[PDB]
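Notes follow once the structure below has been shown.
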Amino acid sequence: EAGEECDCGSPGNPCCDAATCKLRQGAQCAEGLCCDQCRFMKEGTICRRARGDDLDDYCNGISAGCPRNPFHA
Numbered sequence: 001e002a003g004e005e006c007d008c009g010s011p012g013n014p015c016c017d018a019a020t021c022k023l024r025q026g027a028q029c030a031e032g033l034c035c036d037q038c039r040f041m042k043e044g045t046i047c048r049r050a051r052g053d054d055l056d057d058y059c060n061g062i063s064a065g066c067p068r069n070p071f072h073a
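Residue numbers are given in the entry's author numbering: position 20 of the sequence shown equals residue 20, and the series is strictly consecutive.
Laid out in structure tokens, this is it:
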């Protein structure tokens with residue numbers, strides 16, 4: 001758990017995939033950025049670049065990517 005509810009929320013692990021960005025759900029900016037068709041908000045949602053001990057961000061123009069504005073402090 002980083003920002004939002006979702007264990008599979010990882011930048012590249014579209015809030016679940018257990019194989020490859022292709023979750024029948026739709027990790028569109030879940031606990032962590034998504035990479036599957038899932039889709040993405042566009043407004044400061046959750047670009048969470050990482051978790052571990054830190055690393056985060058908000059969703060903007062995040063078609064499975066991440067904006068260029070400062071979010072994680």
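Note that the Cβ used here is the ideal one computed from N, Cα and C, for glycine as well.
With a threshold of 7 Å on Cβ separation, who are the neighbours of residue i within its own chain once the five nearest residues in sequence on each side are excluded?
{"i": "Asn-69", "result": "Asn-60"}
{"i": "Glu-4", "result": "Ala-30, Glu-31 and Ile-46"}
Using CA coordinates, which residue listed in the options is at the minimum distance from residue i?
{"i": "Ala-2", "options": "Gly-32, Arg-24 and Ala-27", "result": "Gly-32"}
{"i": "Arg-51", "options": "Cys-66, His-72 and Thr-45", "result": "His-72"}
{"i": "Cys-6", "options": "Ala-19, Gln-25, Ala-30 and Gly-26", "result": "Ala-30"}
Report all residues from its chain with a CB closer than 6 Å to the CB of residue i; omit the five preceding and five following residues, and keep chain order.
{"i": "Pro-11", "result": "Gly-32, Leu-33 and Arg-49"}
{"i": "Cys-35", "result": "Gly-12, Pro-14, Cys-21 and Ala-64"}
So what's residue i in DSSP terms, helix, strand or just coil?
{"i": "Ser-10", "result": "strand"}
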